[PDB]
Amino acid sequence: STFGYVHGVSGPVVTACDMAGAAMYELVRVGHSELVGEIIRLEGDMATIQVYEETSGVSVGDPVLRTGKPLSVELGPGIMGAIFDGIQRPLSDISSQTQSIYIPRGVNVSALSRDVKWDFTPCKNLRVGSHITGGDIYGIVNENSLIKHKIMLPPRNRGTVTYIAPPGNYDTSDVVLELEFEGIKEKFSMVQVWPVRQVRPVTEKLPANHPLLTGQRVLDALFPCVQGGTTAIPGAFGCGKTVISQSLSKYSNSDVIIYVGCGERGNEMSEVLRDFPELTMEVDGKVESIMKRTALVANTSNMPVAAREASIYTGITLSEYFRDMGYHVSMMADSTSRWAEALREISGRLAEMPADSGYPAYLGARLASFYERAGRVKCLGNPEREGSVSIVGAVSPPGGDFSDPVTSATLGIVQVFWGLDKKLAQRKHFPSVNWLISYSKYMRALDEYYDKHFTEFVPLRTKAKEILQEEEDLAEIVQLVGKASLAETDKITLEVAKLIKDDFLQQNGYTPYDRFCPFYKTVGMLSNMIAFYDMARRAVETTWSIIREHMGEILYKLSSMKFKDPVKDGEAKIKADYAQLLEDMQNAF
Amino acid sequence: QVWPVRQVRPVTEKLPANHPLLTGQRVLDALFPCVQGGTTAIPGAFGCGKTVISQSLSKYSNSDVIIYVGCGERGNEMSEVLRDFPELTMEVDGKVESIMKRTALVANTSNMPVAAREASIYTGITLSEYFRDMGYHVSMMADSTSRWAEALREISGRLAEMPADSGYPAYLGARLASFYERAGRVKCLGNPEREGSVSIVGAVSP
Amino acid sequence: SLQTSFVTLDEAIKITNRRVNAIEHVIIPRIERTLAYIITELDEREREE
Amino acid sequence: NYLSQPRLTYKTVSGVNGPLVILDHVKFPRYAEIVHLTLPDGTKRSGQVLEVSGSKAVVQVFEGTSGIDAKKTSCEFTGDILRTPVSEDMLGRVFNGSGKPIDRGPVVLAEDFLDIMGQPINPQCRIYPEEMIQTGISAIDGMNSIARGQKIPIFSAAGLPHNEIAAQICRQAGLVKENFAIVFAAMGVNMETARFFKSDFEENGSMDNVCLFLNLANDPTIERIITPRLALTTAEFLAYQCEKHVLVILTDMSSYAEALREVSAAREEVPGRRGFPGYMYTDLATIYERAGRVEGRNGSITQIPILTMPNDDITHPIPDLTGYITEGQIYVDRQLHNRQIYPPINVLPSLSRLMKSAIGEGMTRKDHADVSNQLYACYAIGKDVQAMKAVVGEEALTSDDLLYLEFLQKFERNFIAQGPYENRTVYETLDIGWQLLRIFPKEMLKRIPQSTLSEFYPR
Ligand SMILES: Nc1ncnc2c1ncn2[C@@H]1O[C@H](COP(=O)(O)OP(=O)(O)O)[C@@H](O)[C@H]1O
Ligand SMILES: [Mg+2]
């Protein structure tokens, strides 16, 4: 058979009859308006289908058109700069086609439009008659100035080439490759369809070593993240959340940036959809938009709840598709707490047993099966490239408490936790990344790369963290006892800790010279702030009062190192060399 | 003789309990004393010592015969019993004899099937009531009665019975009442006119 | 006059500093882990229902 | 002896909801039977029969029902229960969660086929563990000493270094003064957790006897049920049928029971506390009580299962039910991890029930049973005193309790804190323990009688 009939609708669920050769978790199209559903139980000849849209006006006898596929994404050119929802309907194309301000709920508009033509080029030694396996880079499509959309083979099939396309412009419906297998030659276009719940196959997993240069100084030095890693941040109303998200898109070492807004809000989603197309990227040449390497999954709370459950899996599948080309993908999911509310709605719909505070039994399993899709990993194929997927997943716990069935399940899986604080945003301490509760499990991996590339860095981090923990312990006794009873070796730690909290940790994102400091500057300012701290140890154990008044120009040199403008690149290292020896003069005095 | 385990043994008439059960512990004998023919419950979490009260009672009480029902217990804790019991001798008539000659074990460990936890409780209390009728003063230690309750929950879950508070069936408190009420100091049936007693000391694992 | 006011103040500010910390360490954490027990025991009745 | 009838193949599925497939018109179905599902695209899935009623048989596939058709799928009934191929060459290799090789290797040649559920040991022929394992850690060997054949879990949480102290007790496991075959079940672990255990066993050269079973988080949750079952029936083979001392490491046992809750909630079974099934105590005890040693054999099996308690709660259904089956636990804490102690082992909720038979004159020496109770008592009083100086003041305590302050800062830094590769002997541990009791007077050590105070306290 090819159609089924409805035989009854009792809410979101449609128990469709005449469905004998249908599979589980397969997508159908219910009714005359073709409402998208999902087969969820299959009782012999009848299948019950939960429908993603509003079942209203559905008759008994309406055609249930089965697709034979599960919830899958269309992967191909036309995906950078596009805006989808959780089930991948192009929201920018659906407003031009219909000229309306709503989503008409009967719209099967394709995710990649078949009208735009793309310049395809073959793989140039991919001859006719050559054997090819799944994951091989088959062609290259110049989608933008930045993104070379490498057409690949799907990992399911395999064969020998019988026809390749000549280099030119083609649609996403044109036949580009024919492959001969034992039985029948298969042909397919530039677009491949892959299910969102199924992890992309890959050759072998690799440990992550290269760090993510986020650009912020507290993130790149104290609590570093690697490309191929898992990060979590608190998702509160205002601490630094949109600031860290836009700095990750603007000034990271990552080739594409996807952003999954997952069931967010009414007007917080429109803040993202208006500000991201007007951001700017600093390429070697002239300034370009950030939207040439960006793909958004925009999903509000008004949208279907089974699209908000699938918005996380839609994003990570787009993350794994651009991973397979050889790029370094970084994924920002905001937030994973609103996604877990969608799991509680689907489980509450099917009357599933509530395991932990309402949330179903498989909450910790779906979170484990999502963060494990991120990693630096060698892709399938013969050209032998390497890619990565980083995941920064926001967590929005109730009341800012970190004891929650979603929060505690997240912090047991993620390795980096940049703890953004509300009270630090009250004092305008920007960025608001707290350093007491934050951590990073990615130090050892990083420790390899920092002895091939920076060398004198690690011990610098260890003592700088030793200063900040000893500062908080000392600051308790300042109000109880007083600063006049404190020892001479301790009070020099307190002033340099205040020097770290203003020069190193505080970083103004609007002050031009501070938008994207690269690395040596980060090793630069800390090499002078702790050598000053180490030289002050023997200078005290040889008077703290005479050094504080006489170093007021030398301390002003340390308090002004953050103004090394980007017209000063090699010169900044020379000023870092000369400002150190001015400290070396005044040590003997 | 063959006697069904779910049937209470007939007997002439029940008697009030007058003589105490000397466990050997000081807090047990002084503040919260037990009689022979009484019912005792030992709740407590893991690592509190619910078997050290059970082993010191089976070694050093005043009871003629001792039975020990391991109901959902550990496998090593019944092997612990049959090691140091044949070497611990006690003196009754000026002669020394090990306490394994008055001990009988009903071992159903937690690895063993769950429906036998119901059968191991009724097996013991039938052996406890059997040596009651000879005129001996029997003391029974059930460990644990909470595993018998977890057995009744798992059986009634298969029959789709409706549950009482926290999963357990509605007849849970009737099974426990029909087991603790088989204890007591009581004049046995028969012409030589002897008297016996059954003490039940049941560990609970909340 | 300042001597006898000084010596009776710190022996009356020690008894206030203990009454604050006895609230902060003994009374407030005892109520808060009682309130955590109310929440999980009420969630366990909702699964039974 | 051997099943020689050809297996039947049914295309007669009648219902599929959740992980359960309902097959109709089966002729004499069998409980706990293993089956093989052939999908309409050709991928093969295995499954156990969890309920049979007349002609109907309810199976559950291990890899999930995503894509199982009604007209085109074909299930083939293997006529026996789930038996794994076990061998002596099933050692030195790494396997997945289900049954299959990982390191580009062959399938095992199957010296015999053992049922993965096993069968319980008769308590009459099960000998009590007596000899002590020296693990090289003072918090383990000194206060909560384990025996060879003892089940003892590591009670941990998320983020604490439980994997680091798991690899430490594997390198340093030895008898108190012919190696331990380690079988390792990795369940629901991260990739960096599996790479840590792989690169540690391939570092110390012990990988000629490691039986590592890895089951990552991307692998399905129903295969986590049979993962300790296969990891313990090879350890049963190596110890009771091949005469070899086996150390079994189960991690994470929280990932076992969270996977056990998903299958129970899908079968609509009766829940216990926090949604976990009522038979969770039995299912935890059918993989815990498969340990110890038997009388006629010279091999043994000891179990150290690692589990992370949710939200640091020891009254959660995971560490409570494993505390009722096992023989004492090891409690790695969080508040001692912030102070950069490498084993953050709070010894107060730690216990070893078989430690008493493993200490003494013939086992280590005379003062082991006595210094461990005194180090426990001075740590218990001094920690309650620590909750008094934080609420009243650091100066207004009893003069004896300032020595309890000086004991605790020397206990947590010198006794338990030893480093990732330092392996102290048991005689080194009691010598360090007497140094910390030296700061107390002779008559405040109440739990030690006056006899052995004379031989050890003046030194
Ligand atoms: N009277 C005692 N003297 C010394 N130690 C004891 C005593 N009673 C109990 N213990 C200790 O308590 C531990 C737990 O005993 P156990 O009976 O197993 O508690 P539970 O059965 O409730 O789990 C024992 O291993 C032992 O070390
Ligand atoms: Mg016990």
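Numbers in chain A track Swiss-Prot; the residues on display, in order, are 16-557, 566-612.
Heads up, header says this was done by electron microscopy, 3.4 Å.
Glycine is no exception: its Cβ is also placed from the backbone N, Cα and C atoms.
For A:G250, A:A251, A:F252, A:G253, A:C254, A:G255, A:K256, A:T257, the entry in Swiss-Prot reads ATP binding site. The annotation phosphothreonine is assigned in Swiss-Prot to A:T136. Look at Swiss-Prot and you will find A:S384 tagged as phosphoserine.
Neighbours of the ATP site: apart from A:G250, A:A251, A:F252, A:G253, A:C254, A:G255, A:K256, A:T257, residues of the same chain with C-beta atoms within 8 angstroms of the site's C-beta centroid are A:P249, A:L435, A:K437, A:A440. Secondary structure from DSSP puts the residue listed as 'phosphothreonine' in a beta strand. Neighbours of A:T136 (phosphothreonine), defined as other CB atoms within 10 A of its CB across all chains, total 15. Of A:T136, A:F252, A:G255, listed as recorded positions, none is near chain D by the criterion of a Cβ under 8 Å from one of its Cβ atoms. Comparing Cβ neighbour counts within 10 Å across the binding-site residues A:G250, A:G253, A:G255, the minimum falls on A:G253. On a Cα basis, A:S384 (phosphoserine) lies 30 Å away from A:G253 (ATP binding site). Counting only same-chain residues six or more apart in sequence, the Cβ atoms lying under 8 angstroms from the Cβ of A:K256 (ATP binding site) belong to A:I248, A:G250, A:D349, A:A409, A:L435. For the recorded positions listed here (A:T257, A:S384), the lowest count of other CB atoms within 10 A around the CB belongs to A:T257. Least packed by the Cβ count within 10 Å, out of the binding-site residues A:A251, A:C254, is A:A251. Counting Cβ atoms from all protein chains shown, A:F252 (ATP binding site) has 9 others lying within 10 Å of its own Cβ.
A straight line from the CA of A:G255 (ATP binding site) to the CA of A:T136 (phosphothreonine) spans 44 Å. Cα spacing between A:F252 (ATP binding site) and A:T136 (phosphothreonine): 47 Å, rounded to the nearest whole number.
A:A251 (ATP binding site) sits 25 Å from A:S384 (phosphoserine), taking the C-alpha atoms as the reference points. In the three-state DSSP classification, A:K256 (ATP binding site) falls within a helix. According to DSSP, A:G250 (ATP binding site) sits in a coil region rather than a helix or strand. When Cα-Cα distances from the residue listed as 'phosphothreonine' are compared across the recorded positions A:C254, A:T257, A:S384, the shortest belongs to A:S384.
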